[PDB]
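Order of writing sets the chain letters: A, B, C, D, E and F. Residues in each chain are counted from 1.
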């Protein structure tokens, strides 16, 4: 009951200590139907060159770590043919499978929350100011939450308790989420469908959802146990569609 | 009858001036069956992360160009997850779809031969000598045939008429092949199954087949027609299998 | 008990009768770009009569093409010398030293068959000033050593006990010795070409010698005699049977250089003539 | 006694022979000289779509 | 086991033999010594109109 | 054409061959290597009265 296998394209993930799988709102990803479309040209569907697991770079979970976030898309814009299909079209559409891995021994302890937040609009550390995109995202590198109130210009207000959105961090369980409790499991898996108020959208302009990893119980260990404990993310697009082919944009 | 579409994974190729498709010996790629296997561990099959079109870098067809060759595998060892699955296993197995593109105007002329040669063993320019692997292959970069007899040490004897194998170049039509005649078509497509004397093999040690592109009628044009005419290759693995997982090798 | 086995004879196609035509069918217009070879017969382009053809393609099947004996090795050895390594002959088994059989085999990439092996041994007297003696019949021993077995150091070494190695003993004046060998390879078929290395670091030994490894042959005189020295020559002949071959290749154009590699010197495509129109005239009074 | 009788190679425009196997291994049998099959389409017509030969190759 | 049994050449005024094929190619088989057909009229009577041999050749 | 087909010598725990006779005399045929009969009682038990082997030999 704890072993699982997931195959997509030419990639496969195995796990021996999984809890279950979260399907965001009971809805699996699927293609756009004819009585819900507005764009008229025939779309392209690569179907194995884009729908496969891509791995980002890892972060180091330390004894005093506030947490991390990524923005999707724009974290996969340099990933193979998914990124190339993003650069040549005006409209795109895709669901995702997210898989977070972190293993440790039976003498370690700690607890992480893994949550996906749709339309996570963030605020600036200067209240009479506006944010820029570098402070929101660094591609495949993670942004870091902070330990206290932040200051200075152009940075995002990132104290963990408010999640940078002006809410209580303990209520983020309203979104699709799982937990990694080091004594129970070593991986989390979330299946996210396409969620928007329009049927397709431009993938450079709009961040569809933010992935947050926040430790509630810090990492602890004793005399000569291993000190280096990394966390790794792996994401696979599903039912990917593109419309509006023209010359390649340049950021 | 001239339009074609090929989908693999998350990638798709369209063409409007194709001739047909060559299936190497009437055999399509397929997985290994139970009454032909010898290795006992359960194999991995990624199936969309590896089976998709990868594009190499292009070459420039000039008025006096002898031709080019690549070696497969070892031209896809740095391509996404196919290369990563190559580095962690002892045994691999796959078929391929090859697609060569070269377009030009109705005022240009020229003719190319596109051929796949299984077990293309090559000779050294010094007859009392042996070859090395750098002279055989440069990964995604092409090796170049020559115009006359070659000399010096450690280079392959590469005058085009003998194809570097001690044969007549006009007989290479015994292998699976197509032609690109600039007045007729602009692309060639070959589907190659797994061909070997053993059911699986190590992918770093053995080159399964060589791809050769040889112009028989040189490129010609007149007063103010375009001078730059590139050639591009795109390859997709099919029914990819791996066995013998251990730590990653290092070249 | 007797069992009747039927043999299907296979002849070539008959040509059918054909008359004049004026239509939209264009059998003679094709496109070679597809990689396809045209299947047109004379009856598609001219007017033909009906012919019943009785010719058979029997001598061009692979079995009849390859099932003949060919020399693959020749070697010499003495009865008396001052070297003690020239008293016996030894060699590694392959089919790469005589160019006729090896060019014939290299029309294909992979081959699988059983073998029939024959030996032809002859002796002669060494040139000395004083001749004249009667010598009894000579006996010869042939031993096959599979890889890993001990190697003889002399003609009196214990290894000629041949307890488990197969050997042949023969005496001159009889029919040539012969025996058959099954398909012995750790692979599913033999390999004539190998575009790979022996070490996983893409170096070491390249090409054919990586894969063969089929043992050695040793030959000696058994008499241990002859105050006047003699010299023997042994020749070996191979004959494949129960054959299967795969993946045909273009025939070798350049001449061979050595037994290990495919190394060659650049050669022409053919010889020349006067001009692209030259015709030899043969009807002259 | 395990005898095989089969036809001999003759011409066109009493004719059979007998064989007995003497040895325990099949590698000792004589050659199979009378099997004549062909499959040329594997090398001359290796295309995905069929070409009729009275129709144009393209268009 | 694919054995052929056929009659031996005897005289006129126990007599069969057995054969097994050992090799994969038919060019390895032994000769076809027992096929005896004839068609002499191809060389001795190659005429368009038939000649009866009790009738005159002409007139 | 007077062909004999018979089984080959194999092991225990495609297997037949073909033969044709080429000559008019039976002294030209090959050896009869596949006939295996026995009759040992001719040499080991040549007695007038039968001996049961569970009974005494005499008395």
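We take it that contacts are C-beta pairs under 8 Å (C-beta built on N, C-alpha and C of every residue); 3 or more make two chains touch, one makes a residue touch a chain.
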By Cα-centroid distance to the whole-protein Cα centroid, the innermost chain is B
Between the Cα centroids of chain C and chain E the separation in whole angstrom comes to 35
Averaging C-alpha coordinates per chain, one finds the centres of chain B and chain F separated by a number of Å equal to 63
Rounded to the nearest Å, the gap between Cα centres of chain B and chain C is 32
Where chain F touches two or more other chains at once, the residues are 1-8, 10, 15-22, 30
Where chain B touches two or more other chains at once, the residues are 19-20, 22, 174, 176, 184
Among all residues of chain C, those touching at least two other chains are 1-5, 31, 34-36, 58, 61, 63-64, 67, 114, 241-242, 248
Here the pairs of chains that touch are A-B, B-C, B-D, C-D, C-E, C-F, D-E, D-F, E-F
Note: in the complex, chain F contacts chain D through residues 1-11, 15-22, 30-35
Within their complex, chain C touches chain F through residues 1-5
Chain A contacts chain B in the complex at 7-12, 44-53, 80-82, 85, 237, 240
Residue positions on chain C within touch of chain D in the complex are 1-10, 25-27, 29-31, 34-40, 54, 56-58, 61, 63-64, 67, 114, 180-183, 241-242, 248
In the complex, the residues of chain F that touch chain C are 3-6, 16, 18
